[PDB]
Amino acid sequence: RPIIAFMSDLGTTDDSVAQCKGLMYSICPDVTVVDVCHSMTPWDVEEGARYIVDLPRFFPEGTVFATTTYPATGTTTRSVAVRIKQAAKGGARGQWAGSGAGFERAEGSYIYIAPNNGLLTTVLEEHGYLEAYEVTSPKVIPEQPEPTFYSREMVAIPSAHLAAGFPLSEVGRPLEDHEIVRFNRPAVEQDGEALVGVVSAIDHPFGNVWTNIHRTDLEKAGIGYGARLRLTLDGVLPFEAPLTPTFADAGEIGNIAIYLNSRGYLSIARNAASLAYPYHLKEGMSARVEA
């Protein structure tokens, strides 16, 4: 019944992840370990951030998220363990997840544990937190941590203790908000009637394009479903389409759909074809939208 959702940059090609898992079952034999993904670009905390920010509403209360890319492994840094506040609504409309009207989740029901290197920046933004600790107790980490494997020693091990009900406040000292490292999230700029941001992700394996322009950004510029839009990527690739709910509304196979993705962000795709791959579109390219 206790659950650890595990996200790393360790890859799926050797025994790394399994060593972490072995230890997790050693510390908490009834735990269920769920892989989020292990394929993130190493050291890109922004990319890791995206894969973990939306998890809580999908998981049972009490779930621990162990989340790590650890470029500072072997240094004096220590992980941070955080009890978030609201599981938050999400998606294209703003709802709970699940059958019926969804499963609503109590506040303070989820713990993230991560290197204190910015990885939880967006988790804290969207969810807030109740308490936050530096993870230092030798009860939950090794007295002699492997210098090149803090992902295992400083995240995976202690997440299993946490999953086994080890008290969050005993992992180490409390952290003041400014001691929690953040990365800068680039804002979405207004520019005439236009909104300007970036391609935040390519949606693998489909090659859909996700922007950082949220539905809230769109509504506060007079834009809802059915609005005819111009969406320019990379300064040069304009596209035009009405904003629709889904891919199939584009009509013919191959046609352009502009839609709100399952996180509520402005997105673009081809109907039953890949948009991004044939045109080598990339995370980071500009993205401008207007009616």
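Residue positions are given as counts along the sequence shown, with the first one as 1. Think of the rigid core as the biggest set of C-alphas that the two forms share within 1.5 Å after superposition.
*Asks:* Hey, after superposing on the core, which one moves around more in 8 other deposited structures of this protein, 133-141 or 84-92, CA-wise?
*Replies:* Farther from the shown form on average in 8 other deposited structures of this protein: 84-92.
*Asks:* Averaging the C-alpha B factors as listed in the entry, name the stretch that ends up higher: 112-120 or 217-225.
*Replies:* Comparing averages over the C-alpha atoms only gives 217-225.
*Asks:* Which of the two stretches, 234-242 or 256-264, shows the higher mean Cα temperature factor in the record?
*Replies:* The stretch with the larger mean CA B-factor is 234-242.
*Asks:* Looking at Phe206, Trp210, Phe149, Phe103, which one carries the largest C-alpha B-factor according to the PDB entry?
*Replies:* Answer, based on the entry's C-alpha B-factors: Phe103.
*Asks:* Return the residue from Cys28, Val33, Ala66, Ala49 that has the highest Cα B-factor in the entry.
*Replies:* Comparing C-alpha B-factors across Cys28, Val33, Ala66, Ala49, the top value belongs to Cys28.
*Asks:* Sorting the chain's CA B-factors, does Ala272 end up in the lowest, middle or highest third?
*Replies:* Tercile = middle for this residue's CA B-factor.
*Asks:* Could you say whether, by C-alpha temperature factor, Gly62 belongs to the lowest, middle or highest third of its chain?
*Replies:* Ranked within chain, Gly62 CA B lands in the lowest tercile.
*Asks:* Once the chain's modelled residues are ordered by C-alpha B factor and cut into thirds, is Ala92 in the lowest, middle or highest one?
*Replies:* Highest third - that is where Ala92 ends up once the chain's C-alpha B-factors are sorted.
*Asks:* Relative to the other modelled residues of the same chain, rank the CA B-factor of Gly197 and answer lowest, middle or highest third.
*Replies:* Its C-alpha B-factor, which the entry lists for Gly197, ranks in the lowest third among residues of this chain.
*Asks:* Lowest, middle or highest third: where is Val181 by C-alpha B factor in its chain?
*Replies:* Lowest third.
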